[PDB]
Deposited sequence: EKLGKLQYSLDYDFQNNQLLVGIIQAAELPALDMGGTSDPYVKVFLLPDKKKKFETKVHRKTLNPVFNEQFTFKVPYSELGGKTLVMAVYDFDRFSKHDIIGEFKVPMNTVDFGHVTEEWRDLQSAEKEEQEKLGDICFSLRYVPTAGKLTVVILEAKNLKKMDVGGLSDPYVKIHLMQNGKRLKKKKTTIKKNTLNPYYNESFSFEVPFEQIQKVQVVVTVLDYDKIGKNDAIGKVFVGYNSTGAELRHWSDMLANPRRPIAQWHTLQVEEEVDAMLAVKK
């Protein structure tokens, strides 16, 4: 929101000083401020149920002028338990005189998506027939590869044994979505003597990135699986002839590949 601040560089000592005096036009909120020492941090005066705090606190940072506008200030004031957000590039500022101004940005920058998305599929295993069926049902919250592209997801299913890729399947493409629905069924001939040695690897890829780095994320179930993945595999084996559906969180391709090697 609205906010008065000061900015000073002391050339004799080689140090930058920013004042965080007053904030105005807030949405009540019990606030506190924090200094962004561009690539330390400062704990400012924490008000309590104050829709317009004051701090008059100065913040000193001993950076040489050879840093020359490379760094950049950022301040994100939080309603204590990030409502206020404003940033200033270190190279937009003339230190011929100290500066004091009102900035009023009341919107922060949305954090990059860390989770890769989730995939739901069913597993069925018929021991007598030695037949394993995977139904890719749906995926959701897929992480976008690049901003400003459009994502065209599809799924690969690999049946592995002893680290060898035995059989490979793929879904159709669903253009322009992060929440594809498939309901596509794939069958594998796996004799019950072998059913316990195999892994089923499930990868979600972006077709628009085919031929470069295109994997969004993956999981595997079966031999050496862990977590919710083993739990789904064991449910399948516990329930012969019956399809069992479960959600899975997608994991980082390089992490899972290290597990599969």
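Peer 1: Would you list the gaps, meaning deposited-sequence stretches without C-alpha coordinates, in the order they occur?
Peer 2: Comparing the full sequence with the modelled residues, the uncovered ranges come out as 1-3, 31-36, 49-51, 94-99, 280-282.
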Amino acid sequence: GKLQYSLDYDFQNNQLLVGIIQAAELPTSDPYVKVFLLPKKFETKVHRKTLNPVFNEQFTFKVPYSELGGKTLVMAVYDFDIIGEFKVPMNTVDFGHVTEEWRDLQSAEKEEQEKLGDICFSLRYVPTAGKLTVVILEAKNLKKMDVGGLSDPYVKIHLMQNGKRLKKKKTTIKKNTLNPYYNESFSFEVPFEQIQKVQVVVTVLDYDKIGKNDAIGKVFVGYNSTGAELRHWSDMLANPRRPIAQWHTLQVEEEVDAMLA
From here on, numbers count along this sequence of modelled residues.
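Peer 1: Mean CA temperature factor from the deposited coordinates, higher in 123-131 or in 166-174?
Peer 2: Here the higher of the two C-alpha B-factor means belongs to 123-131.
Peer 1: Going by the B-factors listed in the PDB entry, is the mean over the C-alpha atoms higher for 233-241 or for 10-18?
Peer 2: It is 10-18 that shows the higher mean C-alpha B-factor.
Peer 1: According to the deposited entry, which of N224, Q196, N52, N213 has the largest Cα B-factor?
Peer 2: Comparing C-alpha B-factors across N224, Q196, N52, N213, the top value belongs to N52.
Peer 1: From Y32, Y207, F220, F192, which pick has the Cα B-factor that tops the rest in the entry?
Peer 2: In the PDB entry, the greatest C-alpha B-factor among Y32, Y207, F220, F192 is found at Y32.
Peer 1: According to the PDB entry, is the CA B factor of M75 in the bottom, middle or top third of its chain, that is, lowest, middle or highest?
Peer 2: For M75, whose C-alpha B-factor we compare with every modelled residue in the chain, the answer is the highest third.
Peer 1: Could you look up the Cα B-factor of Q161 in the entry and say which third of the chain it sits in: lowest, middle or highest?
Peer 2: Within its chain, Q161 is a middle-third residue by C-alpha B-factor, going by the deposited values.
Peer 1: Relative to the other modelled residues in the chain, which third contains the C-alpha temperature factor of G84: lowest, middle or highest?
Peer 2: Answer is highest: the recorded C-alpha B-factor places it there.
Peer 1: Please place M90 in the lowest, middle or highest third of its chain according to the CA B-factor in the PDB entry.
Peer 2: Tercile = highest for this residue's CA B-factor.
Peer 1: Taking the entry's C-alpha B-factors for this chain, is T60 in the lowest, middle or highest third?
Peer 2: Within its chain, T60 is a middle-third residue by C-alpha B-factor, going by the deposited values.
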